[PDB]
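Engineer: Protein chains in written order, with the deposited numbering: chain B, 29 to 185; chain A, 29 to 185.
Where a beta carbon is used, it is the ideal one built from N, C-alpha and C, also for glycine.
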Ligand SMILES: [Cl-]
Ligand SMILES: [Cl-]
Ligand SMILES: [Cl-]
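#1: Hey, would you say the C-beta of residue 139/A is under 6 Å away from at least one heavy atom of ligand 2?
#2: Between residue 69/A and residue 51/A, which are expected to be in contact by the criterion C-beta below 8 Å, what is the C-beta distance as a whole number of angstroms?
#3: According to a CB-to-CB cut-off of less than 9 Å, which residues of the segment 126 to 150 of chain B neighbour chain A?
#4: With 8 Å as the C-beta to C-beta threshold (strictly closer), list the residues of the segment 151 to 164 of chain A near chain B in chain order.
#5: Starting from the beta carbon of residue 113/A, find every residue of chain B whose beta carbon is closer than 9 Å, and list them in chain order.
#6: For residue 78/B, decide whether its Cβ has a neighbour in chain A, counting only Cβ atoms nearer than 7 Å.
#7: Compare the Cα-Cα distances from residue 97/A to each of 132/A, 175/A and 74/A and report the closest residue.
#8: Locate the beta strand (DSSP E) running through residue 126/A, then write down its first and last residues.
#9: Can you say whether residue 153/A is buried or exposed, counting buried as having 16 or more other CB atoms within 10 angstroms of its CB?
#10: Is residue 44/A close to chain B, meaning its C-beta is less than 7 Å from at least one C-beta of that chain?
#11: Who's in the neighbourhood of ligand 3, going by beta-carbon under 7 Å from any heavy atom, listed in chain order?
#12: Name, please, each residue of chain B whose Cβ falls closer than 9 Å to the Cβ of residue 48/A.
#13: In three-state terms, what does DSSP make of residue 181/A?
#14: Residues of chain B with CB closer than 9 Å to the CB of residue 58/A, please, in chain order.
#15: Helix, strand or coil, according to DSSP, for residue 173/A in the structure here?
#16: Below 8 Å on the Cβ atoms is my contact criterion, and I expect residue 95/B with residue 112/B to pass it. Report the Cβ-Cβ distance as a whole number of Å.
#17: So residue 62/B contacts chain A; which residues on that side make the cut at Cβ distance below 7 Å?
#18: Buried or exposed: which applies to residue 162/B, given that a residue is buried once 16 or more other Cβ atoms fall within 10 Å of its Cβ?
#19: What's the call for residue 185/B, buried or exposed, on a 16-neighbour Cβ count within 10 Å?
#20: When DSSP labels each residue in this structure, what does residue 139/B get in the three-state scheme?
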C-alpha cells in the first residue's frame, strides 16, 4: 500500500515521483531519521531520467544515482518549515531516495517541496569529448518538484 | 571503439565487464587521473546486478551505483603493482566506473584486477523490515574480477 504525495513532475532531465507509506527499518539507519517505531511514515522520492535525460548519458527510465535530495515541509497556517534529508537506499522494489519522517507540526495540509541537487563536483564526472561525449551538463541550482496541498491525516495502514 | 580487457565475470551479485579505449576528457576531471593527453587509455568497469542481485533489491541487469572500485595492474615478471581508483561517470552509453590510466611499465602482458567494495557505511542503506525489505546484504570482503593475461600492445586508435 503506497500513497501519492501528488502528481509526478518532470523537471529538467528528471521524472520525479513522491509517495509515502508505513515507516520502514533501514540498515544502516540514515543520518538523523526517526526509527521505524518513532516515525509517522516513510516518504520516497523516485527519480528517473526523462527524455532530456539522454543528454547527460542516461537511458530514459533509469534511476539517477548520486543526487542530493532534500524535502521541505510547511503546514498550511504555519511559518515553520521542517527539512527532511533523504538518503539513497534499496527496498524490495528497487532503489529510491527515501526517509522515515515524523511530521513535527502534526495532522494537516502541507506544502511539500523536493530540492534535487546534482552530484557534488568530486563525486561524478561526464565524458565531454567532442562528438563522442555527452552534450548536457549537470544543473547548477537544485531542481524543484513541489506539491502545495499534501494532506497528512495519520497512518493509512 | 571499445576493446575488451577479457571475458566478462559474474562475482557475487555482480556481472562485471572490462573494456578499454582511447583516453577521454572528463568534466570535472576525476581525482588524480591523468589527462586525455598524458593517459595511455581509459579503462571502464561495467557493473550490473545479476540474478543474485535481486536479493539486495537491485533490478536485475541495472547499473549498481555507489560502489568503490579500484583496479590493480601488474606487469608479468614485475613486483610493481599500480593502484588505480576508478570514479563513477557517464559516457554516451550510460554510467560506469572508470579511469584514464597509464600502463607504467610499458607494453606487455599485465594481470588486471578490479576490487569492488560495497558502498561505504554512511552512503547507502537497505530496507530490512519484513514488509518492504530485502533478505540480502552487502558483501564485506571486496569482490574480485580479474584477468591474468591482459595484453597492452599500445593504442588501437
Ligand atoms: Cl516549503
Ligand atoms: Cl595484482
Ligand atoms: Cl565503510
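Structural biologist: Quick look at the numbers:
#1: yes
#2: 6 Å
#3: 126, 147, 149 and 150
#4: Under the 8 Å Cβ criterion, the segment 151 to 164 of chain A contributes 151, 152, 153, 154, 155, 156, 157, 159, 160, 161 and 162.
#5: Per Cβ cutoff of 9 Å: no residues; residue 113/A is ~12 Å from chain B at best.
#6: no
#7: 74/A
#8: Per DSSP, residue 126/A belongs to the beta strand (DSSP E) from 122 to 129.
#9: Per the 10 Å Cβ criterion, buried.
#10: no
#11: The filter returns 148/A and 149/A, in chain order.
#12: Within chain B, no residue comes near residue 48/A; the closest Cβ sits about 14 Å away, beyond 9 Å.
#13: In the three-state scheme derived from DSSP, where H, G and I count as helix and E and B as strand, residue 181/A is classed as coil.
#14: 150, 152 and 153
#15: Note: residue 173/A maps to strand in three-state DSSP.
#16: Residue 112/B and residue 95/B do not touch by the CB rule: their CB atoms are close to 15 Å apart, not below 8 Å.
#17: Here the premise fails: no neighbours, minimum Cβ distance about 14 Å.
#18: In summary, residue 162/B is buried, with 16 or more beta-carbon neighbours lying within 10 Å of its beta-carbon over all protein chains present.
#19: Exposed.
#20: strand
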